[PDB]
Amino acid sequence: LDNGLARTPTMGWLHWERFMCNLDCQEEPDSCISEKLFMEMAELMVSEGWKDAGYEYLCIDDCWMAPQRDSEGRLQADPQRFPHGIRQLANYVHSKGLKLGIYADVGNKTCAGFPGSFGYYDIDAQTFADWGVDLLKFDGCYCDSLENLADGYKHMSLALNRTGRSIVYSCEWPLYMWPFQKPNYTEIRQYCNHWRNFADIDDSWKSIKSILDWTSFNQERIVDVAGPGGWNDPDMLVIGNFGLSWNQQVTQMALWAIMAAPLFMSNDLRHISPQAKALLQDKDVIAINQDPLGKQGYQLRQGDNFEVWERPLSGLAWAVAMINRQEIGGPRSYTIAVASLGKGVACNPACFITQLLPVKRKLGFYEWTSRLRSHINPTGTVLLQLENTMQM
């Protein structure tokens, strides 16, 4: 989408994975979808260094609207859970130096059953623009056919442009194209800033395995289309919750950096361990994800329960991730010819290698003929930056 936005993968916070559609504000006040939740989350994004690290977009997922539209036929926020309205929430978020994302659906209803946008694309686009929305996640539930789906997505894109406001457009279009047909990713990139490809993520290592395996299996279809202005979305970051071990959290961070993925945290910033905060705020790994070249990485090797991924970076630098998929035993040894890395350019004539995950450690100079030796934890990942150099 050529709207000047998402020149690097969008960074922020989305409530869906962690808070879901909790409507019971009387019995579960701390987890229900309310304006107080988003206000407190914005406060913590500022105070706890999340904005400094790059997380800019505070995003509302499903279950923010009233059961029906107002008298004029416009979307209205829920009266009890959002008394002061989306405009006042956007004002608050902007006053903290952040940006506000909102949710809508292309069909007649949202996935949770709230008013859909079909028939009101222009009305809803102008409503979001007036409220001060900076990002729109557009879902695909309750849609008849591919004609309706495609037309709705393209229509909402053009309507948002016609509002004249800069609004990041996050689509779920490709994901909703199966079981009908394989998406034309060029068409989708034409209209979307990023697009969800695969099923929703949950708080489990199984889910990350599934997302990564699907991505590596379909990488010839989706890697080259990604770039500044249009990204593949493998869904939210679940670091800081309950289902991932430390090494699995490291794996998700490293490979979301490799995949040039939008970094949308879905956690409770009020209850997050120092470990997970440091991982999610890792300056070097975020720098990899935010590389100005904007070239998505890919799976280089796969076998012996090992995976090797790499991502090209600006200035002849490369990121390399090595995953141990063996879920038994201990740290497993892996060696690779340094010339096999970075298409043979990362370490020609030499490269300086810096391990970034699980710990940061300078590994030294590697000649084009040398071999890299590493040990990877079960379900863990070793992330490295290779800086091309002529010294040595």
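Numbering starts at 1 and follows the sequence shown. Superpose the two forms; the largest set of C-alphas matching within 1.5 Å is the rigid core.
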item	value
Outlying stretch relative to shown form, 120 to 128 versus 178 to 186 in 7 other deposited structures of this protein, C-alpha RMS (core)	178 to 186
220 to 228 versus 249 to 257 - which carries the larger mean C-alpha B factor in the record	220 to 228
Mean C-alpha B-factor comparison - 155 to 163 and 168 to 176, higher one	155 to 163
Out of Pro312, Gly73, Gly240, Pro274, residue topping the C-alpha B-factor column of the entry	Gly73
Highest-ranked of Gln326, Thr354, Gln26, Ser340 once sorted by CA temperature factor in the record	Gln26
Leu58 CA temperature factor, ranked by third within the chain	middle
Relative C-alpha B-factor of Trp195, binned into the chain's lowest, middle or highest third	lowest
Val359 CA temperature factor, ranked by third within the chain	lowest
Among modelled residues of the same chain, the CA temperature factor third for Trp64	highest
Among modelled residues of the same chain, the CA temperature factor third for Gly297	lowest
